[PDB]
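Compute the structure for the input listed below.
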Amino acid sequence: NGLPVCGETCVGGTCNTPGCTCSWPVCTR
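Residues are numbered from 1 along each chain as shown. Coordinates below:
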């Protein structure tokens, strides 16, 4: 939801993980 602690990235625009908030370069929660 903003916190850059998703642990996943989204260089393609798809965190690939749920309950995430792709913010680039890394998604957030």
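
And the most centrally placed residue in the chain, how close does it get to residue 12?
Centroid-nearest residue in the chain: residue 27, 1.5 Å away (criterion: C-alpha atoms, centre = their mean). According to C-beta to C-beta, to the nearest Å, residue 27 and residue 12 sit 11 Å apart. C-betas here are computed from N, CA, C, even on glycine.

What of residue 21?
15 Å.

Equivalent analysis for residue 1, please.
Counting by C-beta to C-beta, the gap from residue 1 to residue 12 is 21 Å.

For the nearest residue to residue 21 once chain neighbours are set aside, which residues are in contact?
Once flanking residues are discounted, residue 21 sits nearest to residue 28: 4.4 Å by C-beta to C-beta, 6 or more residues apart in numbering. Applying C-beta atoms under 8 Å, 6 or more residues apart in numbering, we find residue 28 in contact with 1, 2, 3, 4, 5, 6, 20, 21, 22.

As a quick check, tell me the outermost residue of this structure.
Going by C-alpha atoms, centre = their mean, the residue of the chain most distant from its centre is residue 12, 10.9 Å out.

Surely residue 11 touches residue 25?
Yes: if you go by C-beta atoms under 8 Å, residue 11 and residue 25 touch, sitting 6.4 Å apart.

rewinding a little: weed out the non-buried ones from the contacts of residue 28.
6, 20, 22 (16 or more other C-beta atoms under 10 Å).

Make CSV out of those residues and add secondary structure.
Formatted as CSV, the buried ones among the contacts of residue 28 follow (DSSP: H, G, I helix; E, B strand; the rest coil):
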residue, secondary structure
6, coil
20, coil
22, coil
